[PDB]
Structure formats: C-alpha cells, structure tokens
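First come two forms of one protein chain, each written alone as structure tokens, so that there is a structure 1 and a structure 2.
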Structure 1
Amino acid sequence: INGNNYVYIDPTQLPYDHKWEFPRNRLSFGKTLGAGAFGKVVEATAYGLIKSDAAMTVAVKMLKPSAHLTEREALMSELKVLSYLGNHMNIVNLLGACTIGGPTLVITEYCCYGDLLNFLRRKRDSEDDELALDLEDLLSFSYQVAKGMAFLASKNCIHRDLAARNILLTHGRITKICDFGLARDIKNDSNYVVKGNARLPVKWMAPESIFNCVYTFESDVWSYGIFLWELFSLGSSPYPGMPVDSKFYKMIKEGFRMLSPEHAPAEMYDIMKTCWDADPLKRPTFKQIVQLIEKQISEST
C-alpha cells in the first residue's frame, strides 16, 4: 500500500561519507578474483582496518588503466551505494575505501568459496541422506538470497543483474549478493547477449526490461525466479538448448516459461512461476518470498 515501491535511490545524487577512508598504502594486493575490460576485484590484505593490530583479508574493486570517465563515475556511484546500504548478512558489505591518493579503491568483505554458479556446477558434476542435505543447502541459499534482496528493496535499490554468477558463498555456507559489474568480462560471457547498444543478461531479464529497458523492484523479482531455476538445476543455464534470437524474444512474449527443474520442491517452483508473470503487479515482493520460504524451512524440520 506504500509509496516506497514507486521510488528508487539515485546513486548519483547520493553522498559519500569519509568515515570509510582508509590509507591505501596499507593494502597488500593478492590474486585477482575477477576482471573485465575496465575493472577488477582483487583479493587483498588490509592492515588495521578493524583492529589496529591485525591484518585482514578483503576484496578490493578497482579499475584498469583502460577505463575512461564513465567507469570512474560508475565505481564512485557503486561505492556510494555500498556505503548507503550499510550492513546486511546476505550482501557483500563495504569495509572501507581509498578515494584520495589515487584511483578509487572499494574495500569490502572477501568471500572464500567464490560464486554460487561455479559451486552449483561442481555439484552438478556427479532415499538418500546426501541428496536431502544438498536440498537443505539449496533451500538455505534461496532463503538467504530472498532476505538479501528484500533488504535491497527496503533500501530502494534495484540490482539489475541478479543471477547465480552474482552470488558469493563464504564461511558457514552464508551467501552474499554481489555485482561483479565491470569486474566481469561480459564480452566473453555468452550469458550476456548483444541487444541494441548493450550486452545484457537477456535470459534473466523480465519482459519490461527486455523490450522497454524498464527496471523496477518487480523486474528484480523476475530475475530471482530465473536464479531459483538455475539453483535447483545445479547451475545449468536457463532455457537450455535455446539461443537468444528473435525466436527467443517472441517466445517470452507469447508466454512460454520454463518447466520445473527435476529436484525443485513444488513450492519453490510455485514461487518461480509467480516471479515470471508478464504483469509485474502479479509478481510477489521479496518480503512475500521471504515469508513463504520460512514456512518451507520450518516445515522441513
């Protein structure tokens, strides 16, 4: 009933606080975790970031020399976003930043097990206690990601690229929503398709985003549905055996949708299908998804 659903925070018109500033000379860079044309996240050690005595593993997002103005402003707005979100268990959390003394460096938590997609596909490489425990993990991942997106929505942020490749897994099997953004080489990732002037994750995108470039809280919900499908498919790409071409676009428009993964619980597939309503007003909110999944987890115990 709220007006909060019709408004988003514009990261441009957001403000950076200097509590985060941290001396870049006390960073020891390590292995590169991800890289695209203009950007990279690198694993690093931060000395005295939390307790003045102890070093600490972190992740640092930075740009390559190849980057021009528009990426410099994008990294700034992302640093502002991260600063404005604060802390949630299921989002990558900002820890600090270096905007003086050189190029922008965005300092956040490091997730030690990488992205969920590669986790799922290693599992894919293969009644039963082991299958039950694996199903319990996937239920947990779907719950944690719904809670993290609910938090994002409550702060009026739209993710725009929700997918298993943008979910990180860390100690305790905690999942954190991230956005590799410029630190992903989308040119060589075939999940990103040329559409007009841009390279877009078409198979995760709601029809309003594909045909009208409309992004809203409810188009994030559509992407969440695709994520559940790849989650319960152990990371196979959506609409398998099907290129993104004119036939794909016509098929989404005419109302074809994916069948359930074999080992998706019926109620999780029910959520998926409501996420894929062509009418955004009929999709559940993330707050609603969280409510439904909690019931599923509680009944499972």
Structure 2
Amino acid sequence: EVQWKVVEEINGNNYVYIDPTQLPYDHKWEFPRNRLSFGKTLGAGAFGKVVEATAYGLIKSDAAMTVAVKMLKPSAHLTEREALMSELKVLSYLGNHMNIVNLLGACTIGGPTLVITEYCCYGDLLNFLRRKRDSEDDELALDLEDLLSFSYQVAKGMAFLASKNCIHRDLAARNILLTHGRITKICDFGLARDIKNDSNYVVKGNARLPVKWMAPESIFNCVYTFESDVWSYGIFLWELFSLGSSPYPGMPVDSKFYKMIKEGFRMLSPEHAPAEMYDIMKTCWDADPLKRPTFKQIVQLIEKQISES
C-alpha cells in the first residue's frame, strides 16, 4: 500500500490518482550498493526497515555522507516490493524541498532495491516533544519560538507536497523528523513502522488506521484529499503545542468516539497554544473541507506570527 498518493485530475469531487508504477525512474539516481556501509537500524516494521549508513562518493566523489537506506526484510512479498519501487518513483517525481526527507539515490540492480534518503540526526518530532514534556520565562519563550518554527516548516513542507499534487495521508508528529539547525522534514516510515504495536493505529474495516488524525470524510467515506491532509495538520498542531500528548485525551476510539466527531465535537485548545495557532487548528477542523485553509494560506498566517517578534 503506497502511502503518498499523487493526484492527476479532480473531475468534480472525485480524484484520478496516478499509478505510481507508471512514473519514471531516472537512472541519474543509481548508486553502487558496494559503496554503502550499513549501520544501526533506525526503524523496522513487519516487512521493511530503515537503516543508517555511510555513502562513499554519493554527492562529491571524495566525500562520505551519512544517509538513511530504506529496504525490505526477507519476509516481504511482491506487493511490498512493488510499493518500495513506487515510493522510489514518487520521491523522484516530487523533487527536492528543505522540509521533506529528500531522495539522494537508489540501488535497483545487483541486489534487492535500496532507497537512499537524507538522514535526520535528531529523530522524530514526537519523541523530541515528549522529552521536553517530561523535562524561567526566557526558556519558555525560546521553546515557543521553536514550536512556531516547527509548525511553519511542516506547513511549508506540506504546501510543497500539495503543489506537486501529492497527498500525504499520514501526517503526524511521529512522521516528522528533526535534524541539524532544528530543521523539520516530513517523511513516511511506511513499511518501516510496526503499526501492529502502535495504539495510534486502530482497526477500522480491513486496515489499521490513525483515526484520531483522520478527517471525518476520510473515516466514513475512506476518501483522502488535500483538505483531509489539512485536517491532520490541525491535529498535528495540537500535539505540537501539547508537547506530544496523544489527541483526544482519555477518550479511546470506540463507536462512541465516531459519534462525537460527526457531532462537530472538537478538541479544546492546548493550554499554551498561542490564540492565533489555536485559531488555525479550529479552521483545519471545519466539518466542511472547502472551508479549511490551504497549506499555502497556513504558511502566510504563520509567517505573520513569526514576523511579529
């Protein structure tokens, strides 16, 4: 199951997705696998893993560079092998942006498929926030500046994705990475996350889904849109200003939970969210998708708050 989808047409409220198996792979990305030295495993699911590695001569012929390599475990079946190749083709289709985990190369010959991406040295944003949660005015002001910056950067990364007609479908702090300079990068662990052991992914129908992050139109109609990604961004803002607390606290995903969300029930503001960031969340959680803001508009709104400093 390819996670990032790419739309080609909107034929009056119905998306025409592009078959990722029909996207090109440009051999400019090809890199010899014997110039990768594999290190620790950074994440692993049932069928896939991401491993830290050193790449010799990937960018400059005389330099080594730390990278992340996505690969399948031997237990993987054909559909997982296709998905890895489709993720490779989507990533090269997207192109490069500062706030996404970028493609650096690939090994598609001489062994199983390897996908080489940037390595983010501080790990996932969710764990970063929860450490600061477990852990005076100047210190709090500086933390608020970081959180404003993270929301700005994720919003730019998502605006870049939407500009390439790409829908993320699993936006959440656990899928955002932090790296040098406090730069945040959107990624998808996809096959490299063990979702069977993550309570945030819930059984609904024939899938395990991050329901507390999903828009209502996605839960009752299984549709994923640019507007539903905006909804997820709103949920992301709530965990961001709550220091990584899980959304809808003390409320498990029952059938009771599903009722409330169609009743227009929303979360209240996190205690220390700035009013104008709370205002952005609420508009992301509009029951009407076409009343939610676009990521381009969210970028402008957050730019204005940061400039007021």
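Basically, rigid core = biggest C-alpha set you can superpose within 1.5 Å across the two forms. Residue indices: 1-based, along structure 1. Shifts are known only where both forms have a C-alpha.
With the core held fixed, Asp10 shows a CA shift of 2 Å or greater between the two structures.
The Cα position of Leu69 changes by 0.9 Å between the two structures once both are aligned on the rigid core. When the two forms are fitted on their rigid core, the residues between the two structures that move as a run of three or more, each C-alpha shifted by 2 Å or more, fall solely in 1 to 13.
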